[PDB]
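Starting off, we have a lone chain in the form deposited in one PDB entry, written out as structure tokens.
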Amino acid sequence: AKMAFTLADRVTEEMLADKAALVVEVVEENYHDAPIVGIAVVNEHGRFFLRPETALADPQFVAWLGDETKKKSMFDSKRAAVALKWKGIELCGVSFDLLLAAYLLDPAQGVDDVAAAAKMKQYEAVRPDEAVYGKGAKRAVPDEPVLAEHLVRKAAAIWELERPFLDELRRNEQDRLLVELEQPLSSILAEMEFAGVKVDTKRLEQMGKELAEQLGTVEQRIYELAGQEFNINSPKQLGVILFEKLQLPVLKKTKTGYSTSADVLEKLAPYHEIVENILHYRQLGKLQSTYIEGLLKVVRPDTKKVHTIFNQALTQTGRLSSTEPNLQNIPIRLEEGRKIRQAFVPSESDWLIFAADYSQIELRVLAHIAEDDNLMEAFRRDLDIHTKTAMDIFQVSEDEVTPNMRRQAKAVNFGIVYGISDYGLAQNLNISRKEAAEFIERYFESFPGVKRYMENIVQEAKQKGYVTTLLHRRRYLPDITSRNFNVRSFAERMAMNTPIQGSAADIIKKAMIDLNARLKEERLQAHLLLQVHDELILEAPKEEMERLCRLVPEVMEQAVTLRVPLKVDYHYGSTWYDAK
């Protein structure tokens, strides 16, 4: 049953054909500056395995890799592209990426290796990566014979699966989504990850010093208020101190014991002075462990940069996620944590950070898809939509809108975006399940088109079995017909929010591609560094700021054309903190 192939010692002409399935294996999860353990090539002439030392030193092979006219089909081409960039080798001509294709066909499948993607088409002549390499502590690269066969089989699978996958994508009207959006985006993300973001490590260390001091003071204060020392970070030990020794009211219980959630503690603060201290303690400890030590651990000491990895094939909405580090959750609400952003700086002297963000892109997309006259008009007038919603649901004038009213209106507006139930709108507004579900009725009276959309989208999800986004991304909702209320309800909420969140994701991605193209045509040195939430972060020579102020927002606002305008705000400064 073994698969035939040539374990070559040298690169030959028939290995450099016009089209081929290519495997450039990087086993380490984080591929930055990581080893390439082997190379496999499958084309019309046969199947070949090449040792990286010889192949990556062969002028002809390297030329083939960088020749855009030589088309390659791969799985997770970004991984290979970045690993090669670190070795000073350019990878061009990737016309098909099986990972992205599988992701678009069904993001819920969680395809993470060739075998999983192949299984979608009843192809099983390839082993899953985990079976070949191991899980974790027992992970390792096998001997050449086993390694070569595995890489060749993955290449063979890619070679066979391209047509089948492309055919279904076309049937799904997702062929352009793959070829014109996701694949081109993959190359841009590779560039961003490789470029990295410079970190002021000295600044971070200075902050850590101050935190350790304030932390030591608070922990001691907590021990005196408790009349004893214990592991504050231990929810079990803490629970005993709070709900047994101090007899605080047990308002919330968890699976294994007492609930010590911050919102729970927030309500217990009045009962004992220790609560506020424990809250402050967790605050400080969070910044110290997660955002100071955790960040410092992933900064490359030789370049002083962090090189995140964007997971382009993970979320069910089409949004990107990032790890090592995750720059999509860096503190900003509280000033204490926000200062962390001062440690992210330009990579060159006399350069600055420029950030542009879409203003309410989710609600603008909702206005567009629902075609709600009131909501579209609201955005056409560029009104503060939370104040506007408050005026409508509460039947008051803009001058009668109180700060708390706007806050409540804001929670209602986002309810559908987040995908919360009438229950959720209560757990947030800290009101009753009935009142929470009572404002929604008032909201639908003001925005009948949104109500219509919510009813229509759920019915469409039931009829077709899935919902779609502006650029044809898809999400299957099999639970939509569940006879279990909680399960069905969640599927309905996903039916309602996916076209919103998903379309916003589509637009952001398109904007990145359009921007990258414009920056090149304009010959600007400016370049993308990060994509977080609904914003794009770049760095550029201080001399380019004025041009970027006009160029970036325009490109982002024109990415797509909706029934309402797209609005982009922007800021720039010496650090990320200064650009917001």
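We number the residues from 1 along the sequence you see. Take the two forms, find the largest set of C-alpha atoms that superpose within 1.5 Å, and that set is the rigid core.
Below, we turn to the form deposited in another entry, even though it does not appear here.
In a superposition on the rigid core, which residue from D263, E377, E90, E130 has a CA displacement reaching 2 Å or more between this form and the one not shown?
The displaced C-alpha is that of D263.
Determine, after fitting the two forms on their core, whether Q501 shows a C-alpha shift of 2 Å or more between this form and the one not shown.
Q501 C-alpha, core-superposed: shift of less than 2 Å.
Superposing on the rigid core, does the Cα of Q228 end up 2 Å or more away between this form and the one not shown?
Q228 C-alpha, core-superposed: shift of 2 Å or more.
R333: after superposing the rigid core, is there a C-alpha shift of 2 Å or more between this form and the one not shown?
The answer is yes; the displacement is at least 2 Å.
Please check whether, in the other entry, the CA atoms of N404 and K252 lie closer or farther apart than here, given a change of 3 Å or more.
It is farther: the C-alpha separation of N404 and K252 rises by at least 3 Å in the other entry.
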